[PDB]
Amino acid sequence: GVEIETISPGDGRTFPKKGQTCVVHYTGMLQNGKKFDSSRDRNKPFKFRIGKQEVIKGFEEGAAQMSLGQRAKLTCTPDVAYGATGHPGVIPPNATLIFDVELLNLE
């Protein structure tokens, strides 16, 4: 599943609600591998709708349990990421992914 290790605490009370749009900054990295993406490196926050299955389960489940302003390291096992299939040319099969995520705003 997804494990959370807080980097910076949030307000501890404002969590993503159904339908809301999460505004996040993230950096993705293969466990014991290379970084493959960074919204911070291109200075451009990433947005996605909660509960609309727009992003892998682990990323959404991680964000869903974070409060406004919180930043955390998410460790996602393959079953809540890209599984046995992986992501063509970027994420190999059975890859555990590490995501440094910061919940910047809720829209």
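In case it trips you up, residue 1 is the first one in the sequence shown, and so on.
As recorded in the PDB entry, 30 to 38 is the stretch of 30 to 38 and 58 to 66 with the greater mean C-alpha temperature factor. A summary of the deposited B-factors shows that, of 69 to 77 and 48 to 56, the stretch with the larger mean C-alpha value is 48 to 56.
The PDB entry assigns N94 a C-alpha temperature factor belonging to the middle third of its chain's modelled residues. Among the modelled residues of its chain, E5 has a C-alpha B-factor that falls in the middle third according to the deposited record. Residue-level temperature factors show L106 in the highest third of its chain, judged at the C-alpha atom.
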